[PDB]
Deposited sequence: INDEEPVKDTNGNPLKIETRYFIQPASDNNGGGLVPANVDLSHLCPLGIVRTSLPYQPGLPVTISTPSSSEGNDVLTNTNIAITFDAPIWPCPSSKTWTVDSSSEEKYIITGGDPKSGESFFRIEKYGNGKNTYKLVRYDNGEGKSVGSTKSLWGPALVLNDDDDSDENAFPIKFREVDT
């Protein structure tokens, strides 16, 4: 079924959304620790009215649940020599969600799935391993859980349309 934004509207590809914690403000790039400048992790900002850095969603126009999608940050400046597409840092113990993925490659494929009770609330899952969060340098950073795909340690998200 279609993924819906905060207005209950269906999500469209090539359209800007803030990924907002459903559970501080939105999701933003920050470095994961002082050993890795590039590429960037994804942190929940502690500043309450910051909407997040907007993303666009691509499919390898509707965005459906349980389908392969790629998440790419939308930004006019990007100091790192790699892509704005989300992916998994394999090398790290933490399994941080990091930038620099290939939007066309399977390394960057996440699936949007329903989370708990409330409507328009979702989780990101990788194929079932769900996206959660861990304490890091700049705050909670998105990570891949070890998980059998439950909502226990999953980081719940909403999609707010950027106007």
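Tell me, which runs of residues in the deposited sequence have no coordinates at all? Going by the record, the segments left unmodelled (no C-alpha atoms) fall at 1-4, 28-30, 68-72, 140-143, 180.
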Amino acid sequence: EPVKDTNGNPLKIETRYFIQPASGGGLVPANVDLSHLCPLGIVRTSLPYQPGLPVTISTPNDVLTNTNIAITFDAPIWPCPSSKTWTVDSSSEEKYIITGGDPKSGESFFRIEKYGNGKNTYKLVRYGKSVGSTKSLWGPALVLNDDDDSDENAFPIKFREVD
From here on, numbers count along this sequence of modelled residues.
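If you average the CA temperature factors over each stretch, which comes out higher, 107-115 or 37-45? On average, C-alpha B-factors are higher across 107-115.
Regarding 50-58 and 93-101, which shows the higher C-alpha temperature factor on average in the entry? Here the higher of the two C-alpha B-factor means belongs to 93-101.
Which of these has the highest Cα B-factor in the record: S150, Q20, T15, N145? Max CA B-factor in the entry, restricted to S150, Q20, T15, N145: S150.
Which one of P29, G128, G132, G26 shows the top CA temperature factor in the record? Of the candidates given, the C-alpha B-factor peaks at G128.
Would you please rank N120 by its C-alpha temperature factor against the other modelled residues of its chain and give the third it falls in: lowest, middle or highest? It falls in the top third of the chain.
Taking the values exactly as deposited, rank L137 by C-alpha B-factor within its chain and report the matching third: lowest, middle or highest. As the PDB entry reports it, the C-alpha B-factor of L137 lands in the lowest third of its chain.
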